[PDB]
Amino acid sequence: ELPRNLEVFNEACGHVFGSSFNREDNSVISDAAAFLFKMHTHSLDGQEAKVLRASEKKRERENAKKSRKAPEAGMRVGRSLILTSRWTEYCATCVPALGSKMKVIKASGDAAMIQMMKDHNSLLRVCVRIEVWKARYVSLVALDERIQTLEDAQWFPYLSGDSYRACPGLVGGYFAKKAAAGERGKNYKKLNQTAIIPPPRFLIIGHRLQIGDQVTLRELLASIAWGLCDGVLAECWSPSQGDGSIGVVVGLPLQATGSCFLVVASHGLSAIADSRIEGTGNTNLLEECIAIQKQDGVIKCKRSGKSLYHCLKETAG
Amino acid sequence: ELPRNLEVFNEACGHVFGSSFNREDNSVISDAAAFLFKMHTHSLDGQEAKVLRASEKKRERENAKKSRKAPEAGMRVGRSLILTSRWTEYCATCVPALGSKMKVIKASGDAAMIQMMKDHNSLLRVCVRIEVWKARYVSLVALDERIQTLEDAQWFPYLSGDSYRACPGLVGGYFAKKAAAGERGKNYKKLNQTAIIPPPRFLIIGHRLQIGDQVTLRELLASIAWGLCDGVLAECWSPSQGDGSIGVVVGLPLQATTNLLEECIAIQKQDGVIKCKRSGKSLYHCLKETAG
Amino acid sequence: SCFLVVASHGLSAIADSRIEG
DNA sequence: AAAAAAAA
DNA sequence: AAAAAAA
């Protein structure tokens, strides 16, 4: 019915949150995924201190966390999430011990432990995808103070190191910057800043985002772009009968990833660093178009020239 | 009557893959060449360990590879290649012992060992040529993650160290960068990103790519260029009656080895050289746009 | 506020939407 | 827009 | 084309 990743995530969230876990609210799913990511990364109080190569200042924080009492049953998480009395059992059983590595588990040969670590990794990936989606969603109506220039905007979202390790191709920030600056191996993955991520209520169900889905504009945009992406992407939405709050998806952007406009010098030709800008001198960016694939067919839509955040702000006034 | 270079490759492919080796499929030939290249470089499981100057991590990796079970008869290598029982004998008798150097072989005077080393080197060259062609073919539709600017695109293809050691004039990447960005000797080869490499199905039989032979658009483009080259090169191919993804070569570019968009390339046609105006868009972008 | 428009889906980045012209 | 590797 | 020779 569901892949291993989504089944693992559903089982984990159910076990940890009882009946308080709403399966149709994006905010609740995002909060649950964030809590689970903290639990599986040993960031919660009362978990193993990270000391392997930590500096004394970091060791202070880790020791303080270890000494601090762990979360108690019934504790409020986010808005509408309540911890069950059995969350400690799940944390003790399903969370690999600090420093666990897949090679050691495989060498042990325990199928149960191998499956436990596989579930842990899949849960980390799912939680980090939900984290990136929530980052885009927040950025749709809340500019990040850190982003001031296109160089800063180039590395969105600014998520922690664990997020990058789980999803290197979706997570940006300091670690993505380091990876791009540093040596690039065969395993290097570039930051796909506008990769399509289904809304959390869809991601956990395994339903792939496509045409016709009953979604809201903000959640669709957070799926296919973020705040500072161009506003023409709003063309991928259409209000339903009676307006209301939830509309429908009429199409999806093309060229979501893998856009290269280089033309190397060959056969006596001269290199081009960017096909779009080369032209003849007409650097009019407002004439650019995006290919939106709809049910009927692909249509080229003229760019709006304005950020998605600004378009949403103007339409909300 | 094929040259020894191709004869050795055909014999090795036969001995190692039985009848599963199809000599008409570019993907199958590329997979067979890749397997042979990793066999002759001592990269397969159970082979000797590269522990002459390995670091701790590399030492451990090589030791694990040596301890790991070697491929066995019937293993699936790719999609349509199955190892035979003779592959162990071939790997034992034809692959030179790890670290062997041609100087010592020639000094010893053993004719058999000399022939084995010469065949090994020729096979490495053939396999690396096939590897470069396949890299171009892959890049025709899916660009490398490392290629972000022209400075990065200048070192395509990004192949391994042994690949560069075998064909320095065709292979790029980190070792080509190191050679170019450093002291250069008289025996120094310049990377030719557009050197003409016949498709493997033609390479292994000695057929030289020429006007009038049936090929596919992606095949010809990978033969004469790669993904980020200008799209005007597509004019070197022409579909046949009904297309069917199979056409014919109508020309081959020269100099392979407002005004900016008015630059022209030279194409050698059956009649003569003609100047064709550039398209301005890389082959990758043109293929993406023309896909539908 | 911020008037940046990052490059996405084949569009070119804009350092400031207002200044464009 | 599968799996195996794997911290300022 | 012959010769030479790993992060």
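Summary of conventions: residues on each chain are numbered from 1 in written sequence order, possibly unlike the entry numbering, and any residue without coordinates is omitted from what is shown. Labels follow written order: the first chain is A, the first ligand is 1, and so on. Water and hydrogen atoms play no part in the side-chain values, which are based on all heavy atoms of the structure. Residues with missing side-chain atoms are left out of burial classes, side-chain pairs and their counts.

1. Remarks on the domain arrangement of chain B
Residues and elements named next belong to chain B. Rules: Residue ranges for the domains originate in an automatic or database domain assignment. Note on contacts: a residue pair is in contact if any heavy atoms of the two residues lie within 4.5 Å. Accessible surface is computed with a 1.4 Å probe, and the buried area is the amount of it that two parts give up when combined, taken over both parts together. Here, a salt bridge means any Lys or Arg side-chain nitrogen found within 4 Å of an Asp or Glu carboxyl oxygen.
Domain assignment breaks chain B into domain 1 (4-142) and domain 2 (209-290). Here the C-alpha centre of domain 2 lies 33 Å away from the C-alpha centre of domain 1. Listed by partner, the interface residues are nine residues for domain 1 and 11 residues for domain 2. Where domain 1 abuts domain 2, roughly 930 Å² becomes buried across the two surfaces, and 59% of that area is made up of carbon and sulfur atoms. If you look at where domain 1 meets domain 2, you find zero salt bridges.

2. Some words on the pairing of strand β5 (residues 243-249) of chain A
All names here are of chain A. What counts here: A strand pair is defined by DSSP finding two or more bridges across the two strands. Only DSSP runs of H or I covering at least 4 residues are called helices, and only runs of E covering at least 2 are called strands; the numbering of each starts at the N terminus.
Both strand β3 (residues 214-215) and β5 contribute to a ladder of two bridges, which runs antiparallel. For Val-215, the partnering residue across the bridge sits in β5 and is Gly-247. Where strand β4 (residues 237-240) folds back on β5, the antiparallel hairpin that results is connected by two residues, among which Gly-242 adopts a positive phi of roughly 75°.

3. Description of the pairing of strand β8 (residues 298-302) of chain A
Residue and element names in this part refer to chain A. Two strands pair when backbone bridges link them, and strand β7 (residues 289-294) and β8 are joined in this way by five bridges, in the antiparallel orientation. When the bridges of β8 are listed, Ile-292 appears paired with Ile-299. Where β7 folds back on β8, the antiparallel hairpin that results is connected by three residues.

4. Describing the protein's contact with DNA strand D
Residues and elements named next belong to chain A. The condition is simple: Any residue with a heavy atom lying within 4 Å of a molecule or strand is counted as near it. Side-chain atoms alone can form a polar contact between residues adjacent in sequence; in general such a contact is a pair of N or O atoms within 3.5 Å, and within protein one must be able to donate a hydrogen while the other accepts it. Charged residues are taken to be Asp, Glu, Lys and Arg, nonpolar residues to be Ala, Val, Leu, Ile, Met, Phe, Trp, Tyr, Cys and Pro, and polar residues to be all remaining types, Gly included.
Surveying the vicinity of DNA strand D reveals 14 residues, the closest of which are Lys-58, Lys-103, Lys-106, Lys-118 and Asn-192. Sugar and phosphate atoms represent 55% of those atoms of DNA strand D found within 4 Å of the protein. Measuring from a phosphate oxygen of DNA strand D, one finds a side-chain N or O atom of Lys-106 at 2.4 Å. Contact distances for DNA strand D include 3.3 Å between a base nitrogen and a backbone N or O atom of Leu-209. Secondary structure elements with two or more residues in the surface near DNA strand D: α5 (102-108), α6 (111-139) and α9 (174-181). Residues of the surface near DNA strand D, tallied by class, amount to five nonpolar, one polar and eight charged.

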